Every structure is written in C-alpha cells, then in structure tokens.
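Inspection log for the structure reproduced underneath, given as structure tokens.
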Protein chains: 2
Amino acid sequence: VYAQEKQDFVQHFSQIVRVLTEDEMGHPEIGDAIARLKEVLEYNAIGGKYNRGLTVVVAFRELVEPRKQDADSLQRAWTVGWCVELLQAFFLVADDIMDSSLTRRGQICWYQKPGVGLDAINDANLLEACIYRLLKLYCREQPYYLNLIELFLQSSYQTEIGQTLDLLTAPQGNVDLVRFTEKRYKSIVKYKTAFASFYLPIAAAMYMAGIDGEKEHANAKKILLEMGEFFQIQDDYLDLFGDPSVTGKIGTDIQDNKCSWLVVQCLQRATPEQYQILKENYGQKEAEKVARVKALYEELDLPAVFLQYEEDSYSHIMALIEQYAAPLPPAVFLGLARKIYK
Amino acid sequence: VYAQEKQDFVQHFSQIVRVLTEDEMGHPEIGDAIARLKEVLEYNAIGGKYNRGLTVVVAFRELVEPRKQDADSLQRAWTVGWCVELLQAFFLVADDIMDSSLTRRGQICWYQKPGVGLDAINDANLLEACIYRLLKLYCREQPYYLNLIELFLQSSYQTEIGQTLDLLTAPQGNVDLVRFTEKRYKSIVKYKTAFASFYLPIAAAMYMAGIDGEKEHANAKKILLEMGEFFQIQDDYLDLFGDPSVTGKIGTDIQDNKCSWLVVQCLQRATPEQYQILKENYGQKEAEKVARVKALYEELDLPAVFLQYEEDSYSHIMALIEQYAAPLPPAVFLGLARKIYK
Ligand SMILES: O=P(O)(O)C(O)(Cn1ccnc1)P(=O)(O)O
Ligand SMILES: O=P(O)(O)C(O)(Cn1ccnc1)P(=O)(O)O
Ligand SMILES: [Mg+2]
Ligand SMILES: [Mg+2]
Ligand SMILES: [Mg+2]
Ligand SMILES: [Mg+2]
Ligand SMILES: [Mg+2]
Ligand SMILES: [Mg+2]
C-alpha cells in the first residue's frame, strides 16, 4: 500500500527528466550539456527510498480537500516532491566528495566514477538549478510560488551552515575529542539534516495547501526538527553498525574524525584509559585503528544505548505530535514517524 | 572618477559582511559556521576589479530618475551589485577546483589553502546562499523582487550549462582537436560567461528601474551577449599571453585540454605538420609540451590575430549599440565597453 504510493511517484520521474531535458528542442547547441544533465539525474536521483519526496505527496493529499485535488494540483504535488529529491541529490553528490566516500545507493559515488571526478561539483550545481526550473514550469502562476522558492532557498542555506559546522568539527589530522559534545552535536544535525529532510517536505505541502501561518509552521517545526535529530543519530549508528547491502553506503565517520553520535556517547562513558584509546585511533585511514574504535564502542555497549535512545526518542516524538500536531491531521506526522522508526 | 564610483561601492562591503554574519546575534550555536562564512567572503569577494557589481550601480543611476534615487533605493542598488559579485565568487571558487588552478586575484586559490581543500565545495554553496539572503533582506518588499530572484537563478543555470559544455569539450587525457570548432566555442562562452557577466548586471538594474519588457531585455541581450563573447576570447588570450602580476592568475588552458579561442584559431591556420605538433603537446601537464604549443601559436602570429579581432569586435559591439541601445541611454553600454576594451 505504501509501496503503491511510492510506485506512482517513481513512475513520474520519466516526465521530470523529459521536461528538464526539452531545452535542446529549441537550443541544439547545449545538447551535450543537456545529455550530461539527464545522466546526472538518472544516476543520482534514482535508487533511493524516495521517502523525502513521497512525504510531500502524502502530506498534500492529507491537507488538501479531495474536491481541490485535481490532475494539475496533483502533478504540482509530485513535481515539488521531486524538487525535494533534487535538493537531497545535489547535497549528497557534494557530501560524498567532502566525506571522501566510496558508495551511495548500492553503487560507487558519482565523483568516484571514471571520467567524472571533480566535474561532479558542477553536476551538483545543475541538480540544484532543476529545483527552481521545475518550480517555474509548474508553480509559476500559483499563490504559494514565492513561499516554495524561499523555503527551498532557506532550507539550502540551513543545510550549508550545517555542512560547515560538520566539516569544522571534523578537521582531518586533528584530535577534536574536546569539541565532540552533545550540545555541539545537536546544533550540527539541526542544520545539516533536520531542516531539509523533515521540515522542508511537510512545510512545502503546507504552503501548497494554503497553510502559510507562522504559528502553524513553528508548531510543525517543533515536531519535525526533533524527528530530524533522531534520523541523523540513526544515520550515525548505521554508519558503523549498519549493513552496506541494506544502507547502500560504506561508513567513513571514524576515518573522517566526524562528530558522530557514537563518539559523543563514547566520551560520556569512557574511563581515562578508554579516552586515550579513542584519542590514538580516531580520525585515521588505518583499518587497524578504525577497528579499535568499533571495539571500544562495543565494549561500552553503545548498540544497546542506541536501542534505548530509539525507544525514548519515539515516545518523545509521539509526545510532541500530541502537543503540536493540531490543527493538522495527526496522520501527517504519524505516517512519517512509522516510516522513520525501524 | 571611475575609481571614485568603485571606492564608494567597495566601502559598502563591510556592511554586506556585517548583515550576512549577524545570524549569530540570535543563534550563537552556528557561530563557528558564521565565522567561517565571514572568512570565505573576505577571501573570495575582495581583491578583484568589481566591474560586474559596479555595472549594476552605474546602470541604476543612468536608468532611474534622480528624483527616485533616495538613500534606500541606492543601498538596494549597491546590495544587488554585491549579489552579482557573490555569483561570480561562488562560480570561481568551484571553477578553480575543476580547472585545477593555482592562483586567483594575486593569491593562491581558496581550495589550495592549507586546511580548506574540498571543503571549498560547501564554501561556494554558502556564497550562492548569500545572494538570496541579501535579496530577501533588502528587496523583499519591492515590485521587482521575484524578477531579481528569477534572473539570478536563470543566470546560475545558464553558467552551469556553460561550465558543463566547457568541461565536456575538455576531457583530461583525450585529444579533442576535432571538437575544438568556432561553432562549439561560441556556444560554450555564450553560456559560461556572456549571460552572468554581462546580461545579469544590466538586466538587474533594468528590473530595479521598472524596465521589465521582454523586447527591451531582448535588445539589451543582443549587445551584452556579444560583449561577453569578446570578454571570454580576451580571457583565453591572457590565459597564455597575459602577465600573472596583472591578471592575478596562472594559465591552465593548454594543460586542461580546453576549447580556448587560441586553439580554435590555431586549427584554422595550422598546416598538416603543425596539426600533429598540437595533437602531441596539447592537454598535458608537461611544461615542455605546454611551451611547444605557445611556440606554435606565436609562429601562426595569433597575438596579432587577437589584436585584429579586438579592433573588429569593438567596431561590431559599437554597431550593435547604435542598433539596439534605444530607448536606454547609450552611456549604459558605452560605459561598460570602454571598461572592457583595453
Ligand atoms: O553522515 P552525513 O551527514 O555525511 C549523511 O547523512 C549525508 N548528509 C549530509 C547532510 N545531512 C546528511 P550520509 O551518511 O548519507 O553521507
Ligand atoms: O577560463 P575560465 O572559463 O575557466 C574563467 O574565465 C572563469 N569562468 C568560468 C565561467 N566563466 C568564466 P578563469 O580564467 O577566470 O578561470
Ligand atoms: Mg556523508
Ligand atoms: Mg557529510
Ligand atoms: Mg552518515
Ligand atoms: Mg578557470
Ligand atoms: Mg573554467
Ligand atoms: Mg581563463
């Protein structure tokens, strides 16, 4: 049933590509650039969970009266959903380079491809351009047009501030254990993930449904930002303890000296002895040293600490839904929470 | 006199930075990210010619009635001028990485700096965010607000398509002499430079003056796109024949197998013998091979061919100003042409 709503949305990706590559119908000079764009979209916006873009569609259907859910209104809903998918695609293409990653979504990272390399920096910028190209082609004559443009622009800046904080707390070749606090961690994830992966899709659907009130968005934000914090903590857990055949990506957080939730929890439980083991093995490419950190996390029963956090966080998010979902259907936040909590 | 209009605009960069880094006044958690933003702006938006942003200010003063040139209207003019400077800054930070450059504006490229590296990909994205942050803070309640947003978004996409075409015609380790044509060359530069360096600043001033007519913009475009084509040809000439103490940047076009104006002209004049010399020495990091290409360009009197092109192009642009400047003051295009033709 949830895979059926997924399949309908996925079947629309062909048209999304068709309208984004129809610029060569009038301008054949930019043909090769248009062909390369199709290649970038096909490689980086397909093979994922589609949970971010699908949230836009699900939330639209739950917030708009079926009497106002015509064919054009629905096409605008899946198109904006696919704009959210492009925002993630563009930020992940860049993230894989800056995180020096190997795989994403079951295949090697776009930049690791022979013949691509650092040309992927411009490929990511092209993916970002498509958001605003689609918003113009489908929402240009809608009352929420500017609200959508500003929400995608603001969400991008918040992610970028978050990415800056992520990279400044993780300098390659520097011991940053002192700076790996819970307070720092909470600030990083609020900006790098919680805004663009959780607030952006529901807020886009809210603007498309005519719900533009600062109070309604502020109350939605209270739930979704906390949901985003958990989602990033889960991403950090699975970076080391997940199955790359399931996650589709190889972990790099220990090697990259990252301010992971795991290392924050490690520093809160580590003896003076265990603090030095971490200090000497964290942030290095050596497989021997990465293994020593994974062993220390397992000694401090961090996979168990995570299972307890997930239970406590689900109860917390649920408490916030009861407090702030109104006047929106609780199903809006409940639907996404069920899909996020495994 | 032209340096006086420059100095006033430059003196406003301090406030541009102050308003872009006042986000930590309310949110001290993102402080370190805000400090890094200030560092990126200070390093990459200062030390240039400021000719792109200054064109916005000059064109505003020439198109708006002095009776309507109040303090607020003028602040919006220098702020939009500085938005054009941020668009160039963000595209050049990325370009230096993809072109594997050494210096820009007298100093080493932002990415070549110890401790920066590929973190500069996110630094470039932050520079792009500031355009829309400034447009919101100063033009949000203006009738041209959406026109500006759409003009900067469209200009970015056109540059990106251009950058794609630039990089696809220049694959590292591949002989692309066959593809280095005048027709290809004209398409690359139209998109990578002519739109964002020439059309964007005058069009921004036109929208701010209330001139939004498609016919007026189409006629402006006819002049400015041709002006941009010459500016890129000049940039390609100076890549090899310019003085890095003047240009502030080291040439990489031969090493990068680029579709330069020089190599297009070389292929039009080269004997079968000279074609093979180029084939064996172009696109390689070897200083010996780069030198062999420079020698062949000098043998075919390409610095003389350039001097003839500059004369013919200036007469051409001047012919187009007489044909399409009306109903705008000819000074608008004449001012920029004098500043571009050396
Ligand atoms: O762990 P990251 O923050 O780097 C990641 O979650 C991506 N990302 C980037 C910003 N927010 C999330 P991914 O593990 O997918 O590589
Ligand atoms: O020669 P490029 O096109 O790479 C350059 O002109 C920059 N640029 C990039 C797009 N348009 C212009 P620069 O020589 O400054 O490195
Ligand atoms: Mg990553
Ligand atoms: Mg990352
Ligand atoms: Mg991760
Ligand atoms: Mg360059
Ligand atoms: Mg370049
Ligand atoms: Mg150049």
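Residue numbering restarts at 1 in every chain; chains get A, B, ... in the order shown in the structure tokens, and ligands count up from 1 in that same order.
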With 8 Å as the cut-off and only C-alpha atoms counted, what is the closest atom pair between each nearby residue of chain B and chain A? Distances in Å to one decimal, ordered by chain and number, as a Markdown table.
```
| residue | atom | partner | partner_atom | distance |
| --- | --- | --- | --- | --- |
| B:29 | CA | A:187 | CA | 6.1 |
| B:30 | CA | A:187 | CA | 7.2 |
| B:32 | CA | A:165 | CA | 6.9 |
| B:33 | CA | A:165 | CA | 5.4 |
| B:34 | CA | A:161 | CA | 7.7 |
| B:36 | CA | A:164 | CA | 7.8 |
| B:94 | CA | A:121 | CA | 6.9 |
| B:97 | CA | A:118 | CA | 7.3 |
| B:98 | CA | A:118 | CA | 5.8 |
| B:115 | CA | A:171 | CA | 7.7 |
| B:118 | CA | A:98 | CA | 5.8 |
| B:119 | CA | A:98 | CA | 6.0 |
| B:121 | CA | A:121 | CA | 6.9 |
| B:122 | CA | A:160 | CA | 6.4 |
| B:123 | CA | A:164 | CA | 7.7 |
| B:125 | CA | A:160 | CA | 6.9 |
| B:126 | CA | A:160 | CA | 6.1 |
| B:129 | CA | A:157 | CA | 5.5 |
| B:132 | CA | A:153 | CA | 7.3 |
| B:146 | CA | A:146 | CA | 7.6 |
| B:153 | CA | A:129 | CA | 7.2 |
| B:156 | CA | A:129 | CA | 7.4 |
| B:157 | CA | A:129 | CA | 5.5 |
| B:160 | CA | A:126 | CA | 6.1 |
| B:161 | CA | A:33 | CA | 5.9 |
| B:162 | CA | A:33 | CA | 7.8 |
| B:163 | CA | A:122 | CA | 7.1 |
| B:164 | CA | A:33 | CA | 5.5 |
| B:165 | CA | A:33 | CA | 5.4 |
| B:167 | CA | A:119 | CA | 7.1 |
| B:168 | CA | A:33 | CA | 7.7 |
| B:171 | CA | A:115 | CA | 7.7 |
| B:184 | CA | A:29 | CA | 7.5 |
| B:187 | CA | A:29 | CA | 6.1 |
```
Export of the given selection (N, CA, C and O atoms) as a tab-separated table (two decimals), in the first residue's frame:
```
chain	number	residue	atom	x	y	z
B	29	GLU	N	24.84	29.10	18.47
B	29	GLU	CA	25.22	27.70	18.18
B	29	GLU	C	25.96	27.56	16.81
B	29	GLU	O	26.94	26.83	16.72
B	30	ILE	N	25.50	28.33	15.79
B	30	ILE	CA	26.04	28.36	14.42
B	30	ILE	C	27.19	29.40	14.26
B	30	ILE	O	27.61	29.69	13.14
B	32	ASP	N	30.57	29.41	14.81
B	32	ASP	CA	31.78	28.95	14.11
B	32	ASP	C	31.56	28.87	12.60
B	32	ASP	O	32.49	29.15	11.84
B	33	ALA	N	30.34	28.49	12.17
B	33	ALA	CA	29.93	28.41	10.76
B	33	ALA	C	29.84	29.82	10.16
B	33	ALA	O	30.26	30.04	9.02
B	34	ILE	N	29.33	30.78	10.96
B	34	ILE	CA	29.16	32.19	10.61
B	34	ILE	C	30.55	32.82	10.46
B	34	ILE	O	30.77	33.54	9.49
B	36	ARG	N	33.34	31.25	9.69
B	36	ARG	CA	33.92	30.62	8.51
B	36	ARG	C	33.33	31.28	7.26
B	36	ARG	O	34.05	31.45	6.28
B	94	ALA	N	34.53	27.26	-7.31
B	94	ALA	CA	34.26	25.98	-7.95
B	94	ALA	C	35.12	25.79	-9.23
B	94	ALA	O	35.69	24.72	-9.43
B	97	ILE	N	38.83	24.76	-8.72
B	97	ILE	CA	38.98	23.35	-8.36
B	97	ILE	C	38.89	22.51	-9.63
B	97	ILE	O	39.75	21.69	-9.86
B	98	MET	N	37.86	22.73	-10.46
B	98	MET	CA	37.61	21.97	-11.68
B	98	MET	C	38.63	22.25	-12.76
B	98	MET	O	38.93	21.37	-13.57
B	115	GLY	N	44.18	23.46	4.95
B	115	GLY	CA	43.01	23.38	5.81
B	115	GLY	C	41.68	23.63	5.13
B	115	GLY	O	40.65	23.44	5.77
B	118	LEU	N	38.73	20.42	-0.35
B	118	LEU	CA	37.44	20.15	-0.95
B	118	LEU	C	36.29	20.65	-0.08
B	118	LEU	O	35.17	20.72	-0.58
B	119	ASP	N	36.58	21.13	1.15
B	119	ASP	CA	35.57	21.81	1.98
B	119	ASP	C	35.07	23.11	1.27
B	119	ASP	O	34.00	23.63	1.61
B	121	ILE	N	33.85	23.29	-1.63
B	121	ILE	CA	32.64	22.98	-2.39
B	121	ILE	C	31.42	23.56	-1.63
B	121	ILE	O	30.58	24.22	-2.25
B	122	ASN	N	31.38	23.36	-0.30
B	122	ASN	CA	30.34	23.88	0.59
B	122	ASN	C	30.51	25.41	0.79
B	122	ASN	O	29.51	26.11	0.97
B	123	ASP	N	31.76	25.91	0.75
B	123	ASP	CA	32.06	27.32	0.88
B	123	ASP	C	31.44	28.05	-0.31
B	123	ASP	O	30.78	29.07	-0.10
B	125	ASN	N	28.85	26.95	-2.10
B	125	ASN	CA	27.39	26.86	-1.94
B	125	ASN	C	26.89	27.95	-0.97
B	125	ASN	O	25.83	28.52	-1.22
B	126	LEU	N	27.67	28.26	0.10
B	126	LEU	CA	27.36	29.30	1.08
B	126	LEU	C	27.39	30.69	0.43
B	126	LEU	O	26.56	31.53	0.76
B	129	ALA	N	24.19	31.09	-1.41
B	129	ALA	CA	23.08	31.32	-0.48
B	129	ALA	C	22.94	32.81	-0.11
B	129	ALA	O	21.82	33.30	0.06
B	132	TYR	N	20.60	35.31	-2.32
B	132	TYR	CA	19.19	35.21	-1.99
B	132	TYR	C	18.90	35.73	-0.57
B	132	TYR	O	17.81	36.25	-0.34
B	146	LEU	N	10.80	39.24	-7.25
B	146	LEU	CA	10.72	37.96	-7.96
B	146	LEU	C	11.53	37.98	-9.27
B	146	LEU	O	12.18	36.97	-9.58
B	153	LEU	N	18.69	33.14	-10.58
B	153	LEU	CA	18.52	31.68	-10.67
B	153	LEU	C	18.80	31.23	-12.10
B	153	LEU	O	19.63	30.34	-12.29
B	156	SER	N	22.50	31.57	-13.11
B	156	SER	CA	23.25	30.48	-12.50
B	156	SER	C	23.14	29.21	-13.34
B	156	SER	O	24.17	28.60	-13.63
B	157	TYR	N	21.92	28.84	-13.77
B	157	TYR	CA	21.67	27.66	-14.60
B	157	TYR	C	22.39	27.76	-15.96
B	157	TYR	O	22.99	26.78	-16.40
B	160	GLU	N	26.07	27.21	-15.44
B	160	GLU	CA	26.25	25.77	-15.14
B	160	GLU	C	26.20	24.93	-16.42
B	160	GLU	O	27.05	24.05	-16.58
B	161	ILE	N	25.25	25.21	-17.33
B	161	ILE	CA	25.15	24.57	-18.64
B	161	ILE	C	26.45	24.86	-19.41
B	161	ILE	O	27.04	23.93	-19.96
B	162	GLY	N	26.91	26.13	-19.37
B	162	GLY	CA	28.15	26.59	-19.98
B	162	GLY	C	29.37	25.89	-19.43
B	162	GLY	O	30.19	25.39	-20.20
B	163	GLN	N	29.46	25.79	-18.08
B	163	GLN	CA	30.53	25.06	-17.37
B	163	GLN	C	30.55	23.57	-17.77
B	163	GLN	O	31.64	23.01	-17.94
B	164	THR	N	29.36	22.94	-17.95
B	164	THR	CA	29.21	21.54	-18.39
B	164	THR	C	29.81	21.35	-19.78
B	164	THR	O	30.53	20.39	-20.00
B	165	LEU	N	29.48	22.26	-20.70
B	165	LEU	CA	29.94	22.30	-22.08
B	165	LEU	C	31.47	22.53	-22.11
B	165	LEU	O	32.18	21.82	-22.84
B	167	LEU	N	33.66	21.73	-19.69
B	167	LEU	CA	34.31	20.54	-19.16
B	167	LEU	C	34.13	19.31	-20.06
B	167	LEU	O	35.06	18.52	-20.11
B	168	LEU	N	33.00	19.16	-20.78
B	168	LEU	CA	32.79	18.01	-21.69
B	168	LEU	C	33.64	18.08	-22.95
B	168	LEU	O	33.92	17.04	-23.55
B	171	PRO	N	38.01	16.85	-21.99
B	171	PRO	CA	38.31	15.69	-21.13
B	171	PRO	C	39.81	15.50	-20.96
B	171	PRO	O	40.56	15.52	-21.94
B	184	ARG	N	31.31	25.48	-31.73
B	184	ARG	CA	31.29	24.94	-30.38
B	184	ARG	C	31.70	26.01	-29.38
B	184	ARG	O	31.01	26.19	-28.37
B	187	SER	N	29.17	28.65	-28.53
B	187	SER	CA	28.11	28.12	-27.66
B	187	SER	C	28.57	28.06	-26.20
B	187	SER	O	27.81	28.44	-25.31
```
Practice prompt. Name the residues of segment 138-255 of chain B that fall into alpha helix (DSSP H) according to DSSP on the backbone, using the chain letters and numbers of this document, as a ChimeraX atom specification.
Written response: /B:138-139,145-168,182-189,200-208,214-241,244-247
Discussion item. Taking 5 positions as the minimum chain separation for residues in the same chain, which residues sit within 8 Å of segment 73-85 of chain A when counting only C-alpha atoms? Answer as a list in words.
Written reply: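 Returned residues: residues 9, 12, 13, 16, 45, 50, 52, 53, 54, 55, 56, 57, 60, 68, 130, 131, 134, 135, 138, 139, 200, 201, 204, 205 and 208 of chain A.
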Fill in: Residue with smallest distance to ligand 5 - pool A:302, A:295, A:270, A:240, counting only C-alpha atoms and all ligand atoms
A:240
Discussion item. What does the structure give for the distance between atom CA of residue 102 of chain B and atom 5 (C, counted along the ligand's line) of ligand 2, in Å to one decimal?
Written reply: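 Separating atom CA of residue 102 of chain B from atom 5 (C, counted along the ligand's line) of ligand 2 is a distance of 12.8 Å.
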Worksheet item: Neighbours of ligand 5 within 9 Å, counting only C-alpha atoms and all ligand atoms, as a list in words?
Response: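 Counting only C-alpha atoms and all ligand atoms, the residues within 9 Å of ligand 5 come out as residues 232, 233, 234, 235, 236, 237, 238, 239, 240, 249, 251, 252, 253 and 260 of chain A.
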Worksheet item: Which neighbours of residue 311 of chain B fall inside 10 Å, counting only C-alpha atoms, when residues of the same chain fewer than 5 positions from it are skipped, and could you give them as number ranges by chain?
Response: B: 306, 316, 341
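Among the candidates B:189, B:109, B:291, B:278, the one nearest to ligand 8 when counting only C-alpha atoms and all ligand atoms is B:189.
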Item to complete: State, in Å with one decimal place, the distance from atom CA of residue 299 of chain B to atom CA of residue 178 of chain B.
Response: 21.2 Å
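When only C-alpha atoms and all ligand atoms are used to measure the gap to ligand 8, the shortest distance among B:92, B:277, B:20, B:225 belongs to B:92.
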Worksheet entry | Pairwise distance for atom CA of residue 48 of chain B and atom CA of residue 229 of chain B, rounded to one decimal in Å |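 According to the coordinates, atom CA of residue 48 of chain B and atom CA of residue 229 of chain B are separated by 20.4 Å.
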Practice prompt. Find, counting only C-alpha atoms and all ligand atoms, the residue in A:193, A:247, A:101, A:14 that gets nearest to ligand 1.
Written response: A:193
Practice prompt. Identify all residues of segment 38-204 of chain B in strand (DSSP E or B) (DSSP on the backbone) and supply them as a PyMOL selection string.
Written response: chain B and resi 103-104+107-108
Dump N, CA and C atoms for the selected residues as a tab-separated table (two decimals), in the first residue's frame?
```
chain	number	residue	atom	x	y	z
B	103	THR	N	46.50	30.10	-8.72
B	103	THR	CA	46.22	31.41	-8.14
B	103	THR	C	45.03	32.04	-8.78
B	104	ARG	N	44.39	32.96	-8.03
B	104	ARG	CA	43.26	33.82	-8.37
B	104	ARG	C	43.41	35.13	-7.58
B	107	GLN	N	46.53	35.91	-5.11
B	107	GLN	CA	46.78	34.93	-4.06
B	107	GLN	C	46.41	33.52	-4.50
B	108	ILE	N	46.85	32.49	-3.75
B	108	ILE	CA	46.52	31.09	-4.06
B	108	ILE	C	45.00	30.89	-3.96
```
